[PDB]
Each structure stands twice: as C-alpha cells, then as structure tokens.
Amino acid sequence: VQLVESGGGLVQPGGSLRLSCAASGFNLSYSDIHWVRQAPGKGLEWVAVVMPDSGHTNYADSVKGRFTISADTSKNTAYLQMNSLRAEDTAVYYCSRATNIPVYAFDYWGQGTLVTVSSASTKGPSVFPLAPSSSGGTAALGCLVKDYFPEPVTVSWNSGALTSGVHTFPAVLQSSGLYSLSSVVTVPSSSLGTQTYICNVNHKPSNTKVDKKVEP
Amino acid sequence: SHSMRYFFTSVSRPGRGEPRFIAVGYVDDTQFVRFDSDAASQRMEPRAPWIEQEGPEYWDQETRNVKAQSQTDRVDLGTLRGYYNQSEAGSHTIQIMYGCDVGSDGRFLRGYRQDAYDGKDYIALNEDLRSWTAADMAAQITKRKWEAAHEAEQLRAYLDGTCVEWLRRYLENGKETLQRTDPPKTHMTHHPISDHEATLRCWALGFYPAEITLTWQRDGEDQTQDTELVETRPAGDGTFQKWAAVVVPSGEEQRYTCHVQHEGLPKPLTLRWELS
Amino acid sequence: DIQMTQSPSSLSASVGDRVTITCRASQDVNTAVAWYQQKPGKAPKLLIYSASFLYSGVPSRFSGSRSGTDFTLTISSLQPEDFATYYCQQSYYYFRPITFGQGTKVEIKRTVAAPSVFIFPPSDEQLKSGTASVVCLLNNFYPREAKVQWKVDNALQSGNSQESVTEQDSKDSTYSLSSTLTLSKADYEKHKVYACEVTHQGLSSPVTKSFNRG
Amino acid sequence: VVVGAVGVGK
Amino acid sequence: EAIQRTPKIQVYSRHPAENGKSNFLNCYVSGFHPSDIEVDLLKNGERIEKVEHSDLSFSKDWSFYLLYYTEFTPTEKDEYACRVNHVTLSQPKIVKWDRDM
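For this coordinate set, the PDB header names cryo-EM as the determination method and states a resolution of 3.14 Å.

Novice: Sorry if this is basic, but what is going on with the state of the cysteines here?
Specialist: Joining two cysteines, a disulfide is a covalent bond between their sulfur atoms. For the coordinates displayed, the defined rule picks out seven disulfides over all chains. Linked covalently through their sulfurs, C143(A) and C199(A) form a disulfide whose S-S length is 2.0 Å. Here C143(A) and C199(A) share a disulfide; its torsion about the S-S bond, -110 degrees, makes the bridge left-handed. One end of the pair, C143(A), is in strand β5 (residues 140-148); the other, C199(A), is in strand β9 (residues 197-202), and 56 residues separate them in sequence. Pair check on accessibility: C143(A) and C199(A) agree, each one buried. Here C202(B) connects covalently by a disulfide to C258(B), the sulfurs 2.0 Å from one another. Taking the torsion about the sulfur-sulfur bond, which here is approximately -90 degrees, the covalent link between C202(B) and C258(B) counts as left-handed. Taken together, the positions of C202(B) in strand β9 (residues 197-205) and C258(B) in strand β15 (residues 256-261) put the pair 56 residues apart, joining distant regions of the chain. Taken N- to C-terminal, the disulfide-bonded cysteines of chain C are connected 1-2, 3-4.

Novice: In this structure, what is going on with the interface of chain C and chain A? I would like to understand it.
Specialist: Reports of interface size often rely on the accessible area that becomes lost once the parts have come together. Taken residue by residue, the interface counts 42 residues in chain C and 44 residues in chain A. Surface buried jointly by chain C and chain A totals about 3800 Å² across both partners, of which 58% is contributed by carbon and sulfur atoms. Linking chain C to chain A there are zero salt bridges. For the pair chain C and chain A, the interface holds eight residue pairs in polar contact.

Novice: What is the right way to read the interface of chain A and chain B from this model?
Specialist: The partner chain B presents 17 residues to the 15 residues of chain A that form the contact. Between chain A and chain B, the buried area comes to about 1300 Å², and carbon and sulfur atoms account for 58% of it. Interface area lost by chain A to chain B is led by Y30(A), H56(A) and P102(A), which between them contribute 41%. The interface formed by chain A and chain B holds zero salt bridges in total. Along the contact surface separating chain A from chain B lie eight residue pairs in polar contact. Class assignment for the residues of the side of chain A that touches chain B results in seven nonpolar, seven polar and one charged.

Conventions and cut-offs
Residues numbered from 1 in each chain as written, not as in the entry; some residues may be left out. Chains lettered and ligands numbered in written order. Heavy atoms only, no water. Disulfide = S-S within 2.5 Å. Helix = DSSP H or I, 4+ residues; strand = E, 2+ residues; numbered from the N terminus. Buried < 20%, exposed > 50% of the residue type's maximum accessible area, 1.4 Å probe, protein only. Contact = heavy atoms within 4.5 Å. Buried area = accessible area lost by both parts, 1.4 Å probe. Salt bridge = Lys/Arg side-chain N within 4 Å of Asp/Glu carboxyl O. Polar contact = N/O pair within 3.5 Å; in protein donor to acceptor, adjacent residues only side chain to side chain. Nonpolar A, V, L, I, M, F, W, Y, C, P; charged D, E, K, R; others polar.

The structure is reproduced here in structure tokens:
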C-alpha cells in the first residue's frame, strides 16, 4: 500500500479551470487521496478529503463554492477544479496518495501549483549581466534576466561549456508585475583572465531566449 | 484444544464525547485483560491473576499495542461509516475478533480474524489463512486492500508464531486456572401451572466452558418443539449456567428425562424427575 | 481551540549534531502527533509519524517520542544531509491532517560566517531595466539578519524595495545572496556612489565597502 | 498478546 | 443502519437464591445490538446506584452481552426488578426478578 503521485506543474489558471492528480500501484479505493494544500510556510486541507470511496469527500472541508468534489476511485483518484483566477490562486496543492493505514508510510506527493501572484501572460524577458568592479577574494560576474514567469530557468555560460559557478535564482513579484531572476557566476582570477565570458539564458515560460556577451 | 480471542468493540458515541472503546481479550472462555477508554487509567488493567506476573515491560507494550488498536478503530469508524454512507452524528459500532487455536499438544490448528460493522458481517479470514471472504460490497474494498499489502501474510505470521507461542505461555502461566473443566451440577424441578398441566425445568450450574447441550428426552425422542431454553448465562464469577423447560401434563412427567453433555462430563447424565 | 505550536530548534547539524524539536497543542492527545519533513524548495516527505509507535521513512535514524501529557511532542534529528523545515501535524482524534504546525528549521553547521559584501555597480543595462537594482552581493553568511544597505538612492530602501531571495547554498551551509531592487531608472543615474553597510549578528559594526568604477 | 504491529486500516 | 436486536433480559442470582443471604443480582442483558443499554437495578422501583458491570463483550453473531450486577439480600418484601431500557424498548421494561424462574 505504498505508492506514487502525479499531476503536472500547472500554468496560469487566469481563466477558472481544473487540476488533477492520479495514483498508481495498489488501488486504495477506500481511504486515499486527500489534497492537502499549502502556501509558502503553512498547510491546509481543502476539498477532496477522502475522495475515492468512503464518501463525504469533504471531511473537514470548511470551504465551498469553488473548490469542487470531482473524482473517485477510478485508479486515478481525483481531478480537482478551481473556479478561481484571482483570489487565493497561489497554493501548491498536494495529494496524500498512500493514505492506507494509521501507521505506514504516507507517500504523499511531489507537485501541485498555482498561477503566480501576478497574472495575465507575463511579458518577454530582459537580460542584464553584471560586470565586476574589481575581484578581491571571490570574483563574480553577474547575469540577471527580468520580466517573465516565476518558473525556473536553464543558464549557459562559457558558451554553454561551463555551467559551474552559476547562481540559480528564484523570482519574486516586483513593481513590474513580471517575475525576474538572475545568474551570477563566480570565476577564479586565473580562469577569469584566460577565458572570455558568455551568458545564455533559457526560460521556457518566457518563450524568448537570449545570449549575452561580456568582454574584459 | 485452546484458543485466544481479542474482541475489540468501538462505539462511535458522537457529539457527547470520544468513541468509547472496550477491548476485551479472552482465553478459552475466561477474560484476562480489559481496556475502557473511560475508566481509572488508560492501561490494560489485568483481569485475571495469572497475568499479574508479567511485569512492567509487558503491561507497557500491551498498552501501547491496544491503544494502537483503539487508534485503528477510531480511524476506520470514519471509513466504514463513510462507504456505508451513514449520516455523520449517529451511533454506529465496529467489532473485531482475532484468534489462533492449538492442539491439546500445543500445535497450531486454525486462525480466524472476523470483522463486523453495525451488527452484521464484514471481511473474515479463511481456514487456510490465505484469503478473505468479503461479505458485502464494502468488505470487497477491504479484502482488496488486505490481499494487497499482504496483511494476510503478516497476520498469519502473527497467528502461528506469536499468537501460538504466547498462547502456550499463557496456558503455562494459567495452568492452574485454564486447564480445568467444571462438571455441571444438575438440578431440576417443576412449576405446576394448574391441576392439569405443568412445566419442568432442568438446570446447568457451574460449568466453565461455554459449550453444553440440554435435551429433554420425551419417552425416546427429544420434544424439540416444546423446548423453551435460555441462552448461556454468565454467572458473574467465571462460571456459566443455562436452563431449558417444557410443558407437561400431570403424571406424564415420568416420560421425560434431561440429558446433558459437557466436556467436564465423561458420561452424559440422565435427569429423572423425582415425583416428589 | 486546536493550536499546534512549534517550540523549535535549529542551527547545528554539522555531521552528527543531535537536535530536539518539540511541538505544543491546545488540545489533549493520547500518545501521538504526526511529523513531516519538507525539504528546502521541493518534495514534502513523511518522516517519523507518531508516538508510542513511531514509524519512519528511509531516513530511519531519528526518534519521535511520546509526551503523554501535552507538554510538547518531540523529535530527534542528527545528521546534516537531512536539512528540512519540520512540521507537527495532528493525531489523537483522527483528523486526516487538518491543523499543521507552523515550522522549525534544521541546517548543517559549517562556519557561522559573517557576510561578505563586495560592491558591484550594475552595468549600463541596469538603466535599460527602467528600475534600479544595485546589487549588494552577499556571500557565505548565515541566514540573513545582516542589515545590508541599499544605497541605490544613498538612502535606506526598506519596504518600498523588493528582494529576490537566495537559499542556503548546501556546499557552504550559507546563502550567496544577490540584491534585486525595482526602484527606477532615474534613481540609478542620479546617485553614482554605492556602498553596502553590514550590521549583523555576526557583524555588529555597519561594515561598509566602496566599489571602484570599471 | 495483541497484534504487535500497527495493522492495516479496515 | 442496524438491526436493533432487542435485549433478552434475564434477572437471576448467580447462586441459588436463599432467604436473607449475600447473592448478586445479575441482569444479564443478552444479545441486543445497538450497544447503548440503560440497565437499572430497581430496589422496589427506585434505581440503585452502587452497581457495576462486566465489560462490553459481543457474540459470534455480533450481539452484545453485559452483566450488570450488584450485591443484595433476598427479603420477602422487596421486588427486585431490572429497568432495562433501549432504543428498541419504547417503555422502560420492568423485567422482574422471578426467583422461581
């Protein structure tokens, strides 16, 4: 009775819509999916308390209208629907897809997503490197890209040869309303002298990809 | 033969508190543990002298176990009551048996686990200790979960190894309490309804094992249609009792004999109603 | 009501550092709560489950313990690859988790270093942003209580500014933070002198560094 | 002795 | 939801009752299902309070026993009864102690 997960990293529900996850392994069919939801540092048990079977699929709902009882024990144990595109549309919904005994591993989940704090089809990026003043101690030449989705990126340096030293950066909302993140890279002075620096950024939600060149 | 049963009642007692939970445990008819979720303590209070010997570790881990069982019942009183779609805030029970027989020599015989929802049946275990007879469209779901996860396998391991070894240990400990047979003392009398018809009653008093058969031998045949008999009566002090009765015309009583057979009784006894 | 209070502990797991985390409630349990790692930035995970019967994930080195009375409920954390925000989740009346705790923290202790700030004036594309993001690069410092200074306008920018956070880099057990601010294009051009003072738990003095252009 | 392990839920 | 089997009240003395001795007043309420019994041992109609009971067992067909009991002395004036109520009995049935039965 130990299992797996599903669901997908859903993208902007800016129009009210639905989300789903799906089990595997054993069929629970009696006590199963739970759809606990969280925000960054909390956690809430919304609609789809024990859903597949054993009924009352909102034991401890405490919300209604837009959080919807959808599915059951068809081996794909729920498909939840939002009916919301602006208010409280930012959680990371989950799935306790092993709930089978009071005490055995509750192989929860791995995913469930949101829209963003911002809305409406974020604009194309803008890519900005940072050039060190000089270089004492740690020597870093930064690369920053702005105005796109929260979603993470892949960054290419040294013409894509050297991905070491790069900084992966998450994005927070800004006055623009467009999420931004940077890739500062640290290079040792001897390596800094020898090899020229190339920055390439690849954000699929952005849909524009740019290569940025800095010369010493 | 001998057995060891664990009855696990769990009344859902909604609104006015927390699900009661009495978890009796038995050996062959006698009780040795108890656990009320509302009593002096939250402990497996002993219920028979021969288990006092066990000591603090035993009571500790037995209490941990039975509180785990209680937790399991209070979890599934929200699933049985969820598929038998059953209207939150109504009383609704769960019952659970276990067991493991042995031979008179101490060899494992049969293993039985039986579950009951509100008074009816639910999933039960076979006699080959290997599959599950669901007895409804809910016990279907249960047996699917138990065939998966091999709960049958773990349970059989428990049954044979652990259940048999502790059962033999208990019968070692209670050897002066359990390995005894109480031969029912026999007593019987008539209550005259009138000067033309009367009743006769036959008394089975003081027999430990709860299995006994009373028969009124009406002149060669048992008047099974005129057998008014009561259930087995717990005499409060570990023994048992029962009676059966018949309606008889006057004088004719000398054509009836009470025949009874109990383990403590080698030769089944004849009750000839003393006319006086 | 039901209130799960997290009575935390933190800061030390270098290779074997034993840690005890406790949680408090406003209700009374029999012998249990639930426990739940949450690895940083990904993958929630069951951990020790309850008390009087612990049941463990594959990191089976911890101990979660009973309190009987709800003084607390407790967990023992030991090694440094297991750095996650642990949660205390609700048992005795079996609510399938209804009330979470609030959060604790556990990390590996490499050096409890002071922040290293070396000033970089952003390149000319920063004005192409239309917003001024002068970067106080932060390196190899324990979680940020250092009062790094946003001398973008040469005045403190608190609240009006925005900051995009960096998690603790696992190798150094410390962040390498970069400060990203959305003020204006005009703010960057008007003031050209940029310094980042650092008052900190490690750094009491507001240590200030000056960049040299180019 | 009661079943040692936490049994599977019914 | 259930079958609500009706109690099978049986009032009896766990020993052959004798005039003025120390017995017990058993009220072995046999197989009743819904499990919330309200046994009362009546001392000529008024509820005795110093009464205990065995634990809530059940049977092969899932019907609960209980064995409410308490000390009494058999006196030829008092009519010991057993006010057994239930969700099935719509009147607090007063099954009496038929010492002869």
